[PDB]
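Engineer: As a preliminary step, the opening chains of the complex are given here in situ:
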Amino acid sequence: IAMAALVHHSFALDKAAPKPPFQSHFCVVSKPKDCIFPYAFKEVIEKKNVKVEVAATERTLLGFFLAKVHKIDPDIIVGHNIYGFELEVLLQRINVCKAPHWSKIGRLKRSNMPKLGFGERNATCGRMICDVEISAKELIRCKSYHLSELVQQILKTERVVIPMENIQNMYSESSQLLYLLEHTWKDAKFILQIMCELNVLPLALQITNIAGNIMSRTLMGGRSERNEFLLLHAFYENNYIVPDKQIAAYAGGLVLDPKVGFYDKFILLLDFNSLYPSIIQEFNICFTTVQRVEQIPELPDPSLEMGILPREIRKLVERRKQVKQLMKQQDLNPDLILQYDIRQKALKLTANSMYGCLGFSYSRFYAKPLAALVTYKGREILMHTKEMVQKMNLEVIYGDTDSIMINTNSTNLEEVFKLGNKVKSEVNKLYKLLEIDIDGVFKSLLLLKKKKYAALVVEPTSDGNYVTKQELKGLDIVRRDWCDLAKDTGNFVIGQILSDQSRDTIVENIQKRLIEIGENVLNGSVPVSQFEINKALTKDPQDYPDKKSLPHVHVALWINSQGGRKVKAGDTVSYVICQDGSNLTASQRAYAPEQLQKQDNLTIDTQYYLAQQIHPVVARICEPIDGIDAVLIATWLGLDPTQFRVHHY
């Protein structure tokens, strides 16, 4: 019914985004069928001076769009969910309504069009298509990948949502149609602003100029194709013959056994810079140099020259080092530093995907022994370094395949820096290209299990003064499958435990805060939006054989079967557990967020959110600390202790 577009004619790919981002715009609106436009709409259109064209039927609207795109002749079309729903809707409408000259949507003349990113890319020949969803998923990690969450996070602005049901009601007044049109225009502006802020186009151009593939394939994501073309260019340049196209499996990293508990003294953390590429460059690991046929091959002779693989990975490493030097500069704009961080993360992922493509069974350059050898050498390096650091009368408490955590047990900063420098020199003396650096110095650290620890990182400012920043790794507070209530309570508990107060006061503070939470949850003063659980779907909702026992797919079939926009693979679903009164299990009582404020018989299940959402997080967090137990938390929250542990009378 409504389509709005914005156009810029001098967008530069070798310079920052233009300000303002747009120079032209237009919009078209049409009536559905049975209804009619509210009267005096033309007079209001002339009054407000809006570049809007009113059409008679849908066919005229399609003709207007296909005629306008020819005159504008865009080269990059950016949108949201273009590859999933929008383009299919447009193409199917063209076919069913018999629009003229569909080949105007691309840049080539054709006769018959295929249907279902293969079909879309074929139908849009000659024009790049950019989807903010794919690029955002590739560059930034968020909780949900809809338009609202992206606008909330990237742009820091709230966006109004118009439901499907209310569309019929707003056909009565001219102002309501104007509001709909303005909302569509605002959505287009938000999409353009997100694209300009993420700097998607320069990164895509740089990656395509590095790998050498086609630019349109870069914007669709995926890491195998770039590596395939990169290795193809590398081998063709040196007069080779490449394999023809096709018409767990090996040992990985080593993680040390941790020492669970709480640490008040300073902790050093030593980390390797670009471990696996450094190994490849160090031991001349390449296709030409290593013999092959689950067996680990032997290292090659050191006299032979460098192979194809390390020379190509060296360039990526050097580019990342170049970006970090620019990052080092002082007095930089806050947005520029984030753009550089995204750039270096993308380059790091490109460098580390070259190793991953060696173990992909469908890759054009599949070679298991090479990955097995690099993993074996990584494990050997980790073990040797751990032995050498233990030899110096020092303690190691954790390490994950490239890192070592040392408990210095001191309290002065200068000496711990000196010890870190000494160990750094001792480690770096052995190897040629590999290097080790002090990633950070911790103040207080709570280590729960493997890959689970919270800490305070010491950030120096000037003249020996230092601040502390809280960081988390692997806890339940950083995952998307837990309610915001439990995450906030866990964050409060972590903040209390890691403080400098006495161990006596923290228990009392936790008790008071837990009692307040227990009262407030039953009272009902907490908003509904904090009871949501978000889960991602891997397969299509109709394809799940166990649909009954899984809550999120159960909500997904409902939202597909009654609602509008259809959720597909990769999308996220939000569900809340409520009281139905049918005496089924908790996992079979999931309901949509909009299903609670519309119906009357449903109410929030406080027992589930108070005995299975809050309690497990605070019970797992406070395990290494004394004075707090599961039964005490159960009593504090107002629960029945009989379930958790009790038993003996």
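Structural biologist: Noted; the coordinates are in hand. Residues are numbered from 1 along each chain as shown, chains lettered A, B, ... in the order given.

Engineer: Check which residues of the longest strand seen in chain A are buried.
Structural biologist: Longest strand in chain A, counting residues (DSSP state E): strand A:436-449. The neighbour-count check on strand A:436-449 (16 or more other CB atoms under 10 Å) flags A:436, A:438, A:440, A:441, A:442, A:443, A:444, A:445, A:446, A:447, A:448 as buried. (Each C-beta comes from the backbone N, C-alpha and C, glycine too.)

Engineer: got it, and stretch A:458-471?
Structural biologist: Those would be residue A:458, for stretch A:458-471 by 16+ other CB under 10 Å.

Engineer: which outside residues touch it?
Structural biologist: For stretch A:458-471, contacts defined as CB atoms under 8 Å, 6 or more residues apart in numbering pick out A:413, A:440, A:441, A:442, A:443, A:454, A:455, A:456, A:457, A:494, A:495, A:498.

Engineer: All the strands of the stretch 351-500 of chain A, in order from the start?
Structural biologist: Taking DSSP state E, counting those that start in this stretch, the strands of the stretch 351-500 of chain A run over residues A:395-398, A:403-407, A:436-449, A:452-462, A:465-473.

Engineer: now those strands as JSON lines including distance to residue A:50?
Structural biologist: Converted to JSON lines, the strands of the stretch 351-500 of chain A look like this (distance: least, CB to CB, whole Å):
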{"stretch": "strand A:395-398", "distance to residue A:50": "61"}
{"stretch": "strand A:403-407", "distance to residue A:50": "58"}
{"stretch": "strand A:436-449", "distance to residue A:50": "54"}
{"stretch": "strand A:452-462", "distance to residue A:50": "50"}
{"stretch": "strand A:465-473", "distance to residue A:50": "48"}
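
Engineer: add chain B to the structure above, sequence below:
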Amino acid sequence: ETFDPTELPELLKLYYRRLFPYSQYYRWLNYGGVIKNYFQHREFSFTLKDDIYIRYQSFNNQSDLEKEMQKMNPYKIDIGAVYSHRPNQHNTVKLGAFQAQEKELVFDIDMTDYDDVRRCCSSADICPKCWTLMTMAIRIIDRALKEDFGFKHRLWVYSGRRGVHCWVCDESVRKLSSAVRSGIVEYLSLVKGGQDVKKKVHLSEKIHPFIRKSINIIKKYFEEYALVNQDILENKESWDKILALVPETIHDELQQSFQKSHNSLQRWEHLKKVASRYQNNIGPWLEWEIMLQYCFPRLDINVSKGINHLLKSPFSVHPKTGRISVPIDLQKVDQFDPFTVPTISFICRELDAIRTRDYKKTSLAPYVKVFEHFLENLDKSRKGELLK
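Structural biologist: Chain B added:
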């Protein structure tokens, strides 16, 4: 004269500058300074340009209420509930320590609830000849909140286009829980409007006093409004809907009774006679059902049941009608002319053709003297309760 919306942005700067009664608006909401931050915890909502609806705003004193809102110039102002903390700092408050504590008892009457009885105007507009139905509502509720419940401090304000709001602000009323508000709303509700059901008023032989004194009041205005002014018994589709409420067994006699007459007065007389004849041989109080279903006040549950629900503040300017929301004089409710209510354009014209008492030189003085009387009366209870 017709109000011009296009000049609304220009006049709004002047009205908020020299006409808005700031002193009494602050003295009312501060409630005598007895409570430690009773004003600083109040939620105001402002409707700015471009249809921007911002919800949480707070103020520190009179000076902030002056300068902050002068720099904004909102189209509409709404007053919320007194929250536990300052509403503008709601982002940083604790997880669940933010909840409402007190609010006045608000009652809203909307003209759109009388669409199935109305035969003259549109759903969104009014005419003089039917506006009396509004007063027929007030005298039913005004008595009910005065004698039955004993509430003393009530303010009746013109909504601006199609209703009158009632604020109850007695000291005990402001702290009532939601259940008591729902109950007091139910006690005043009689017309059970279903899914477009013809019959919406039901009763038994036993008569509650609240539903009998209401009949005693409605009898005074029924003959003037329904039988002469409304004249709902003139042609076939005028009394077919009336007969729909009546059991079909009497339609045969009633059609012949209404057929040979000329105006609604004898229509009502014959209808009463036949209804009494039906009662004698069979009670259901047929003659009262039609009056109660055509004329009893209807209230919205949603506007009043909640504790944090926003409502338009007095002395605001409606974007369309331009009329200032003015209080009603309780002792001359029958002497109120809706179309006499001054417009922002008219008062601005008066001000242009002219310690700050410039509202006294404008026609707004008689309509703010009632506000001053309300505050003076409330101060009487203030000093009679605490000091005695």
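
Engineer: Take the buried residues of strand A:436-449 again, chain B included.
Structural biologist: Neighbour counts over strand A:436-449 (16 or more other CB atoms under 10 Å in any protein chain shown) mark A:436, A:438, A:440, A:441, A:442, A:443, A:444, A:445, A:446, A:447, A:448 as buried.

Engineer: Now the third one. Nearest residue, chain neighbours left out?
Structural biologist: Going back to what we said before, that points to residue A:440. Nearest non-adjacent residue to residue A:440, counting by CB to CB, 6 or more residues apart in numbering or on different chains: residue A:457, 5.0 Å away.

Engineer: Tell me who's in contact with that neighbour.
Structural biologist: A:440, A:441, A:442, A:443, A:468, A:469, A:470, A:471 (CB atoms under 8 Å, 6 or more residues apart in numbering or on different chains).

Engineer: same deal with residue A:200?
Structural biologist: Contacts of residue A:200 by CB under 8 Å, 6+ apart are A:130, A:132, A:135, A:139, A:219.

Engineer: Please report phi then psi for the second one.
Structural biologist: Think residue A:132. phi -60, psi -30 (degrees, to the nearest 10).

Engineer: pretty sure it is touching residue A:80, no?
Structural biologist: Yes - if you go by CB atoms under 8 Å, residue A:132 and residue A:80 touch, sitting 5.3 Å apart.

Engineer: Can you check which residues contact both of the two?
Structural biologist: residue A:191.

Engineer: Does at least one residue of stretch A:522-542 sit close to chain B?
Structural biologist: Yes - part of stretch A:522-542 sits near chain B under the criterion CB under 8 Å from any CB of the partner chain, namely A:523, A:525, A:526.

Engineer: hang on, the earlier thing: which strand residues bridge the residue nearest to residue A:440?
Structural biologist: For residue A:457, the beta-bridge partners under DSSP bridges are residue A:442, residue A:469.

Engineer: here's chain C, drop it on:
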Amino acid sequence: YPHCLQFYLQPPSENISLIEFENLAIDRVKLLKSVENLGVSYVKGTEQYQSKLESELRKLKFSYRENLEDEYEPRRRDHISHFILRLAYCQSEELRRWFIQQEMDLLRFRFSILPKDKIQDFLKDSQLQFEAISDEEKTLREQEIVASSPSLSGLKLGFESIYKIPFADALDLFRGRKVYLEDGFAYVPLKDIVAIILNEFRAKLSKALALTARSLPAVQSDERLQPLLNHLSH
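Structural biologist: Below is chain C, added to the chains above:
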């Protein structure tokens, strides 16, 4: 002081032997269990129900009709028994409802046996702030009350007294348009006051039970009370 029915607040401060400590708990459990049988096997109005329940109350030395002054011992027995039983039946949610239902039934029985005229002082002795009306006031509003009456048949305003209550406390009544409201005060028949008394007792009982459960770990530290807190459903 009206030791024949009492809202249980102001926990006691006396000290007792442990044998009496266990005997009080077991006797209260026995009586409260037999209330279940009496309420299940019979109906709430037969003379046999009253006779059996009062005979059992006499058997276990528990308070009943107030016409014989100094039964201080049954008063003390019941006062200690309720508080000692509060600790046990506050653990599981299947036992809290069982406690509340049968205690409310017992209070209903104790209320039904007050003769006619000691009720007024009791209402003031439980912090309830209720009032009665004289005969002249009853005659003044006779027609108004009988018109405001519920589906109760007949216009005869019997000898049952009419009570005067703040309106906010009669939410369950004036919501249904079944009472008379005047000057912010509700007028109710004596039959319906039982419902509001029990409804207001229930909330306080539940609040007391909840506040005891969370401060009950401190009491488990005593080694002499472990058998009692775990073997009252054994």
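
Engineer: angle of the longest strand of chain A against strand A:465-473?
Structural biologist: 50 degrees (axes from the mean of the first three to the mean of the last three CA atoms, to 10 degrees).

Engineer: What's the separation between residue C:151 and chain B?
Structural biologist: As defined by CB to the nearest CB, to the nearest Å, residue C:151 lies at a distance of 8 Å from chain B.

Engineer: so what's the spatially closest residue to that residue that is not a sequence neighbour up against?
Structural biologist: Counting by CB to CB, 6+ apart, residue C:151 lies nearest to residue B:206, which is 7.6 Å off, once chain neighbours are set aside. Taking CB under 8 Å, 6+ apart, we find residue B:206 in contact with C:147, C:149, C:151.

Engineer: what about the residue of chain C found nearest chain A, neighbour count?
Structural biologist: Minimum separation of chain C from chain A (CB to the nearest CB) falls at residue C:230, amounting to 4.1 Å. Residue C:230: 15 surrounding residues under other CB atoms under 10 Å in any protein chain shown.

Engineer: re the thing from before, what's the longest strand of chain A packed up against?
Structural biologist: The helices and strands touching strand A:436-449, judged by 3 or more CB pairs under 8 Å, 6 or more residues apart in numbering or on different chains; DSSP states H and E, are strand A:261-263, strand A:267-272, helix A:413-428, strand A:452-462, helix A:614-621.

Engineer: The ones you listed: which one's closest to residue A:328?
Structural biologist: Checking the helices and strands packed on strand A:436-449 against residue A:328 by CB to CB gives strand A:452-462 as the closest, at 15.2 Å.
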